[PDB]
Amino acid sequence: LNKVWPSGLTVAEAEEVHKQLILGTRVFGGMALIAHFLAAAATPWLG
Amino acid sequence: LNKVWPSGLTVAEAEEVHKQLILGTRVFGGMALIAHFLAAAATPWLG
Amino acid sequence: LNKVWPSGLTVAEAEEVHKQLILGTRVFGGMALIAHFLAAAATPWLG
Amino acid sequence: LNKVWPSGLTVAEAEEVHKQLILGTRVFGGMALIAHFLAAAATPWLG
Amino acid sequence: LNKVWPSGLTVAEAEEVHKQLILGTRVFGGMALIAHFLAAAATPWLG
Amino acid sequence: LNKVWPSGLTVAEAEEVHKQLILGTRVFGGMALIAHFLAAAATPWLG
Amino acid sequence: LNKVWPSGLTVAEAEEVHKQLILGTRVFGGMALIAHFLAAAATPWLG
Amino acid sequence: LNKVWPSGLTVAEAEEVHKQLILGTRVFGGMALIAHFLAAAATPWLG
Amino acid sequence: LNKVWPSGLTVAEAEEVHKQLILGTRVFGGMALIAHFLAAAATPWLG
Amino acid sequence: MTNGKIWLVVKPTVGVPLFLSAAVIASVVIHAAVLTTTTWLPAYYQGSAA
Amino acid sequence: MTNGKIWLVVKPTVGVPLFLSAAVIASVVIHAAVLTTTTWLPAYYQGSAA
Amino acid sequence: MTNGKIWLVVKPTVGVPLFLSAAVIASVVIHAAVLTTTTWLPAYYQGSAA
Amino acid sequence: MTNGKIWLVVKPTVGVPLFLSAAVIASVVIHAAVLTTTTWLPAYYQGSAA
Amino acid sequence: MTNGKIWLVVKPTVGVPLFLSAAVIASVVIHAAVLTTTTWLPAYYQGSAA
Amino acid sequence: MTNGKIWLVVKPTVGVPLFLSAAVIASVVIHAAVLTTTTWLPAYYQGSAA
Amino acid sequence: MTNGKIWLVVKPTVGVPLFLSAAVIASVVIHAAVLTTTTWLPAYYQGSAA
Amino acid sequence: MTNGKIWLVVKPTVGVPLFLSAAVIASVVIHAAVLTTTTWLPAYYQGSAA
Amino acid sequence: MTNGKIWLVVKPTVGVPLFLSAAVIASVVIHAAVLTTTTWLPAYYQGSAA
Ligand code: BCL
Ligand code: BCL
Ligand code: BCL
Ligand SMILES: COC(C)(C)C/C=C/C(C)=C/C=C/C(C)=C/C=C/C(C)=C/C=C/C=C(C)/C=C/C=C(\C)CC/C=C(\C)CCC=C(C)C
Ligand SMILES: COC(C)(C)C/C=C/C(C)=C/C=C/C(C)=C/C=C/C(C)=C/C=C/C=C(C)/C=C/C=C(\C)CC/C=C(\C)CCC=C(C)C
Ligand SMILES: COC(C)(C)C/C=C/C(C)=C/C=C/C(C)=C/C=C/C(C)=C/C=C/C=C(C)/C=C/C=C(\C)CC/C=C(\C)CCC=C(C)C
Ligand SMILES: COC(C)(C)C/C=C/C(C)=C/C=C/C(C)=C/C=C/C(C)=C/C=C/C=C(C)/C=C/C=C(\C)CC/C=C(\C)CCC=C(C)C
Ligand SMILES: COC(C)(C)C/C=C/C(C)=C/C=C/C(C)=C/C=C/C(C)=C/C=C/C=C(C)/C=C/C=C(\C)CC/C=C(\C)CCC=C(C)C
Ligand SMILES: COC(C)(C)C/C=C/C(C)=C/C=C/C(C)=C/C=C/C(C)=C/C=C/C=C(C)/C=C/C=C(\C)CC/C=C(\C)CCC=C(C)C
Ligand SMILES: COC(C)(C)C/C=C/C(C)=C/C=C/C(C)=C/C=C/C(C)=C/C=C/C=C(C)/C=C/C=C(\C)CC/C=C(\C)CCC=C(C)C
Ligand SMILES: COC(C)(C)C/C=C/C(C)=C/C=C/C(C)=C/C=C/C(C)=C/C=C/C=C(C)/C=C/C=C(\C)CC/C=C(\C)CCC=C(C)C
Ligand SMILES: COC(C)(C)C/C=C/C(C)=C/C=C/C(C)=C/C=C/C(C)=C/C=C/C=C(C)/C=C/C=C(\C)CC/C=C(\C)CCC=C(C)C
Ligand SMILES: CCCCCCCCCCCC[N+](C)(C)[O-]
Ligand SMILES: CCCCCCCCCCCC[N+](C)(C)[O-]
Ligand SMILES: CCCCCCCCCCCC[N+](C)(C)[O-]
Ligand SMILES: [Ca+2]
Ligand SMILES: [Ca+2]
Ligand SMILES: [Ca+2]
Ligand SMILES: [Ca+2]
Ligand SMILES: [Ca+2]
Ligand SMILES: [Ca+2]
Ligand SMILES: [Ca+2]
Ligand SMILES: [Ca+2]
Ligand SMILES: [Ca+2]
């Protein structure tokens with residue numbers, strides 16, 4: 001567990017970093033999904 | 001709390017940095033919001 | 001087998017890295033294959 | 001307060017640097033403001 | 001023969017690396033040769 | 001006064017460097033001012 | 001003659017490197033010469 | 001005077017470097033002056 | 001004369017390097033001079 | 001979600017700026033593509049001037 | 001507001017210049033897009049010369 | 001599948017960002033090519049404004 | 001005025017050249033935009049030759 | 001096949017990414033050239049919309 | 001004249017080449033702008049030929 | 001053949017990638033020039049299509 | 001002639017290549033400008049062909 | 001011939017690749033200029049085709 005890999009992180013630190021990246025991606029995606037529905041409603045795209 | 005992460009910061013220092021970034025973003029956003037209202041009022045955009 | 005190569009990895013670590021790359025490529029390829037069938041069905045490409 | 005931060009500066013040194021940046025910005029802005037009045041008076045911009 | 005050259009490799013390691021590069025090139029070339037026959041058959045190139 | 005700052009200079013060395021930059025700028029500006037008068041006299045710019 | 005120069009090579013190693021570069025250049029040139037005769041025969045260049 | 005400055009040079013070495021730069025500039029300028037007279041004589045520039 | 005300068009060379013090594021550069025330049029120039037005579041003879045340049 | 005070990009062998013100070021920069025560039029590319037290929041988006045900027 | 005741990009794994013001397021540079025570039029891109037696609041912003045610069 | 005030893009001699013913090021960046025760029029290149037060479041993809045963006 | 005702590009975490013030898021370079025580039029961009037979009041600034045350079 | 005000593009004096013972490021990147025770029029260049037200079041490849045993308 | 005402390009926190013090995021390079025680039029930009037937007041400077045190069 | 005001492009003062013890990021990269025770029029430039037200036041090479045790609 | 005102390009605070013291995021490179025680039029820029037803005041220089045290259 | 005001391009203060013591993021690269025680029029620039037400004041050089045590539 002305590003092994004420090006060539007990035008300088010441990011396994012647990014690397015998972016902690018990625019979990020925040022996953023969370024941020026979900027926030028971005030949720031906003032983007034709303035923006036696409038707005039774009040579909042308000043622009044000529046999709047009619 | 002003492003742990004120095006691979007950026008060279010502690011948790012507390014990293015939060016202190018980001019809080020100033022958050023503050024600066026709010027200032028920029030407040031100015032940008034005013035600029036958009038001015039743009040809407042003075043330019044042909046939105047009529 | 002404990003030899004550390006000039007990348008900083010051992011043989012076993014290098015295989016572990018590449019296996020995740022292989023897995024990720026298969027996921028990307030599966031999605032891309034689906035996207036090509038959708039493109040063929042919904043766009044004028046291939047008729 | 002003698003702490004040397006990752007930039008290599010102390011708090012007091014960092015404030016001393018920024019104060020010179022603030023001063024220089026004010027000089028640039030004062031000159032730019034004069035240049036805009038000249039531009040407004042001498043060019044067709046704003047009539 | 002255990003001399004370490006300025007790349008960080010020994011003679012034996014350098015040949016091991018290159019042999020994999022040779023193998024990969026042969027795979028790429030085999031696929032490219034097939035792709036050229038497909039291109040010649042399916043496209044207007046060469047008639 | 002003998003403190004060495006993060007650039008590697010002392011205060012006195014930094015002032016000595018900048019004085020040569022100021023001097024060089026004045027020379028460049030003197031030549032440029034002459035060149036602008038020549039440009040105004042010999043080119044259609046300003047009539 | 002065992003002196004190590006600023007590249008990290010000895011005289012003998014530097015000649016060994018260059019001799020392989022010379023050999024590779026001759027191979028490339030031989031192929032290029034054949035390609036130019038093919039180009040002259042098969043293309044409108046030189047008639 | 002034997003002080004080594006942040007470039008790695010002493011005052012005397014720095015002047016020796018610059019003197020060769022001055023000399024080279026004079027050679028370039030002499031050649032360029034001749035080239036301008038040739039250009040003026042042989043091209044439509046200046047008539 | 002054995003002083004090592006900031007390039008890592010001695011005076012004698014630096015002269016040895018440059019002499020090979022001078023020689024190479026003369027070879028390039030000799031070839032270029034021949035190529036210019038060929039260009040003048042074979043192309044419409046200079047008639 | 002399963003790729004978290006990437007940060008054992010890629011430095012986050014490399015990969016996280018690259019990841020976010022790529023997202024930002026991608027968004028700009030998409031907006032620029034829509035702007036350059038539709039009439040309706042430049043008409044939105046043009047507003048009552050047309 | 002919750003992402004402050006980013007500065008544990010990204011160097012601020014990398015990420016803060018990048019963040020602000022990206023904002024600056026983005027603003028220029030938006031202003032340039034409006035300038036190039038509208039008539040009204042070029043007319044503003046042209047002023048009474050039209 | 002057989003090339004896993006590449007990571008003995010290439011640093012993953014170089015090669016993995018490069019690999020993924022190349023994939024991303026390749027995808028953009030393909031999408032941009034289709035957008036610039038077809039009528040049907042810009043018509044899709046144009047939507048009912050045509 | 002309140003942001004002086006930025007120089008605790010950004011190296012001034014990075015950020016100060018970047019800051020001033022960005023200002024210089026911004027000024028050039030603005031002057032170039034005016035030159036390319038107005039007729040009056042080109043006519044100023046053209047002078048009596050028009 | 002005889003050039004394997006190149007990796008005694010070139011770092012593989014430089015030369016292997018460069019080698020593969022050059023191959024990738026070369027392929028893109030060839031595909032782009034065919035796309036831009038033929039009618040038949042853009043017609044293939046255009047499909048039934050022509 | 002009062003800014004000489006800039007060289008306490010900016011390396012002259014960085015800032016002095018940048019400063020002079022920016023001046024050189026700026027001069028080229030100005031000369032190129034005059035060349036491209038006037039007729040009189042191209043005519044000066046053209047000389048007696050037209 | 002007589003220049004082998006170049007590798008005493010140039011790093012091969014610099015100069016050998018540069019040398020080969022320059023050769024590769026040069027070849028692409030020549031092929032691109034022929035493609036862009038002849039009719040016969042784009043006709044070769046066009047094949048029976050036109 | 002009086003600026004020789006520049007090499008106390010600028011590394012010659014930076015500044016001397018930059019200085020000479022800038023001179024070389026400047027010369028190319030001037031030659032290219034004359035080539036692109038005169039009829040007489042391209043006519044010199046064209047020679048007896050036209 | 002008299003400038004050999006340049007290699008006391010410029011690293012040859014910098015300056016020699018730069019010197020040769022500049023020569024190579026210069027040659028390409030000259031050939032490209034002739035190709036783009038004459039008819040006779042593209043006619044030479046075009047050969048018997050036109
Ligand atoms: C109208 C729709 C468009 C179009 C739109 C798109 C878009 C948009 C995209 C693609 C993408 C791809 N398209 Mg498509 N595509 C079109 C038509 C084609 C045609 C064709 C002749 O008509 C081909 C050959 C392809 C092929 C491809 C793939 C190369 C690629 C996805 C690869 C992947 O997932 O690998 C995954 C691989 C695997 C799962 C297994 C691989 C196993 C084998 C054995 C490996 C062999 C390796 C080889 C020997 C060496 C490789 C060397 C390296 C290149 C260095 N498309 C049409 C014209 N296509 C995507 C892409 O490139 O993404 C980056 C993408 O985004
Ligand atoms: C229709 C076909 C095209 C065409 C298509 C192509 C294509 C496509 C390519 C070439 C390539 C080459 N072409 Mg051709 N080529 C055409 C017509 C020409 C004409 C001409 C006047 O008509 C010339 C001079 C050339 C010449 C050349 C070579 C310079 C080059 C291969 C060099 C090599 O293998 O060296 C090997 C060298 C040796 C074996 C020995 C050298 C020994 C000598 C003594 C060394 C002297 C060195 C000198 C003094 C200093 C050099 C300094 C360095 C440049 C820094 N071609 C026609 C118009 N040509 C290829 C290329 O450039 O690849 C990179 C290539 O890919
Ligand atoms: C038809 C022919 C073309 C033409 C073709 C070319 C070509 C081609 C070239 C030049 C080159 C040059 N041309 Mg001409 N040139 C033309 C017409 C002009 C006109 C003009 C108003 O008509 C001017 C001012 C110039 C001027 C110049 C020089 C700036 C330059 C050579 C400088 C040199 O050798 O310095 C040497 C310097 C000295 C010997 C002494 C200097 C001493 C002084 C006191 C130093 C003062 C420094 C100052 C205060 C600060 C400088 C700051 C730095 C810029 C950072 N040409 C015509 C239109 N010219 C060459 C060039 O730029 O090469 C790089 C070049 O290759
Ligand atoms: C027609 O073709 C055109 C022209 C349109 C071109 C084609 C374009 C295409 C194909 C575009 C495709 C775009 C795609 C695929 C976009 C994908 C976007 C995604 C997935 C975005 C994700 C965003 C995620 C974000 C913003 C995440 C932020 C995370 C943050 C801020 C957390 C930061 C902190 C950490 C990573 C670690 C903290 C440390 C700890 C110890 C906890
Ligand atoms: C049609 O398509 C077009 C062409 C328009 C292209 C599309 C463009 C698009 C899609 C543009 C989108 C733009 C966006 C998303 C812009 C976002 C802007 C934001 C969020 C700006 C934020 C600015 C924040 C600022 C300026 C913050 C400054 C902070 C400062 C100065 C504090 C500095 C100090 C620290 C960080 C730490 C100090 C240290 C301590 C120890 C306290
Ligand atoms: C007509 O010409 C045009 C214009 C179209 C130009 C031509 C374009 C062409 C020819 C395009 C060709 C495109 C190709 C060949 C695309 C290939 C795409 C592939 C193969 C994509 C693969 C993607 C793979 C992914 C996304 C893998 C992700 C893996 C992840 C996230 C795992 C990360 C973790 C690790 C590597 C190691 C973790 C550590 C451990 C210790 C386990
Ligand atoms: C229509 O769209 C177009 C095309 C126009 C594009 C749009 C362009 C836009 C949106 C442009 C916007 C431009 C802006 C926002 C410009 C802002 C300019 C500013 C704020 C300039 C500030 C300049 C400040 C200067 C020059 C400060 C100089 C400071 C100096 C010299 C002091 C140096 C010393 C130190 C920092 C520390 C010394 C050390 C000590 C220990 C004391
Ligand atoms: C008309 O002109 C146009 C416009 C067309 C432009 C002209 C373009 C031209 C002239 C293009 C020419 C293209 C050429 C010459 C392409 C050549 C392609 C080749 C030779 C490709 C080779 C590919 C090889 C590959 C993909 C090899 C992969 C190897 C792998 C993955 C193994 C990796 C592992 C290691 C190297 C070492 C592992 C470590 C160990 C210890 C065993
Ligand atoms: C219409 O828009 C267009 C298209 C025109 C674009 C717009 C362009 C614009 C807005 C251009 C603006 C240009 C400006 C603002 C130019 C400014 C030029 C300046 C201020 C030039 C200054 C030059 C200074 C020089 C050459 C100084 C040289 C100094 C030397 C050689 C001394 C070197 C030594 C040292 C620094 C230290 C020595 C060490 C010691 C220990 C003493
Ligand atoms: C009209 O103008 C246009 C547009 C055409 C532009 C003009 C273009 C022009 C002027 C192009 C000119 C092109 C030229 C001059 C091309 C020259 C090509 C040459 C000389 C190519 C040489 C290739 C050599 C190769 C591929 C050598 C490979 C060597 C290898 C693989 C060996 C590698 C190993 C080592 C170096 C050392 C190993 C270590 C040991 C210890 C033994
Ligand atoms: C219309 O606008 C257009 C388009 C034309 C653009 C405008 C362009 C403009 C404005 C161009 C202006 C060009 C200028 C100002 C050019 C200036 C040229 C100069 C000053 C050239 C100087 C050349 C100097 C040389 C070649 C010196 C060489 C020195 C050498 C080789 C010595 C090397 C050794 C050492 C430095 C140190 C040795 C070590 C020792 C210990 C002794
Ligand atoms: C109309 O304007 C256009 C468009 C044409 C643009 C204008 C272009 C212009 C103005 C172009 C000007 C071009 C010029 C000035 C070209 C100059 C070319 C020269 C001088 C070339 C010199 C070449 C020299 C070579 C190839 C030397 C090679 C040397 C070698 C291989 C030796 C290598 C070894 C060492 C340096 C050291 C070995 C170590 C030891 C210890 C002995
Ligand atoms: C990477 C960005 C790619 C953008 C590609 C689109 C550029 C404009 C294409 C031509 C204009 C299409 N049109 C006429 C419908 O506007
Ligand atoms: C755009 C002009 C750029 C000029 C070069 C700027 C400095 C490059 C980096 C070398 C100097 C810094 N350092 C620490 C290595 O000495
Ligand atoms: C535009 C030509 C560029 C030529 C390549 C750049 C010069 C070589 C730089 C070498 C840097 C690595 N080094 C100093 C350890 O050798
Ligand atoms: Ca809609
Ligand atoms: Ca409005
Ligand atoms: Ca279909
Ligand atoms: Ca006005
Ligand atoms: Ca066929
Ligand atoms: Ca006048
Ligand atoms: Ca023929
Ligand atoms: Ca004349
Ligand atoms: Ca002739």
Side-chain angles (χ1 to χ4, degrees), chain D residues 27-47, chain F residues 22 24-47, chain H residues 32-33 36 39-40 43-47, chain K residues 35 41-50, chain M residues 23-50, chain O residues 19-20 22-50, chain Q residues 26 29-41:
Chain D
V27 178
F28 189 99
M31 180 179 164
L33 180 63
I34 292 162
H36 281 71
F37 285 120
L38 292 171
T43 79
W45 174 64
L46 312 184
Chain F
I22 293 297
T25 304
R26 288 176 181 166
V27 178
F28 189 100
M31 181 179 166
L33 180 63
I34 292 162
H36 281 71
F37 285 121
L38 293 170
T43 81
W45 175 63
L46 313 183
Chain H
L33 181 63
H36 281 71
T43 81
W45 174 64
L46 312 182
Chain K
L35 184 66
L41 187 59
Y44 176 63
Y45 291 2
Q46 179 65 354
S48 60
Chain M
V24 164
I25 292 160
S27 182
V28 174
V29 169
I30 300 163
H31 286 89
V34 178
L35 184 66
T36 56
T37 59
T38 69
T39 66
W40 61 254
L41 186 58
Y44 174 64
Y45 291 3
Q46 179 64 354
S48 59
Chain O
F19 179 93
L20 297 169
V24 164
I25 292 160
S27 182
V28 174
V29 169
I30 300 163
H31 286 89
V34 178
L35 183 68
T36 54
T37 61
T38 69
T39 65
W40 60 255
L41 187 59
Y44 174 64
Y45 292 2
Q46 179 63 0
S48 59
Chain Q
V29 171
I30 301 162
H31 286 89
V34 178
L35 184 66
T36 54
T37 59
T38 67
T39 66
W40 61 254
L41 187 57

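Lettering of chains follows the sequences in order, A, B, ..., and the numbering in each one begins at 1. Side chains are part of it too, since the values below use all heavy atoms of this structure and drop only hydrogens, waters and symmetry mates.
Note that CG of M:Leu41 is 5.0 Å distant from OG1 of M:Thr38, once rounded to the nearest 0.5 Å.
For M:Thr37 and K:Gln46, the side-chain atoms include no donor-acceptor pair closer than 3.5 Å.
Between K:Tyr45 and K:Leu35 there is a side-chain heavy-atom pair separated by less than 4.5 Å. In this structure the side chain of Q:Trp40 reaches within 4.5 angstrom of the side chain of Q:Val34, judged on heavy atoms.
Without hydrogens or angle criteria, O:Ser27 side chain to O:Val24 main chain gives no donor-acceptor distance under 3.5 Å.
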N/O donor-acceptor pairs under 3.5 Å from side chains in residues 39-47 of chain D, not counting sequence neighbours:
{"unit_1": "D:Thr43", "atom_1": "OG1", "unit_2": "D:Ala39", "atom_2": "O", "d": "2.6"}
{"unit_1": "D:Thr43", "atom_1": "OG1", "unit_2": "D:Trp45", "atom_2": "N", "d": "3.2"}
{"unit_1": "D:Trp45", "atom_1": "NE1", "unit_2": "K:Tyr44", "atom_2": "OH", "d": "3.2"}

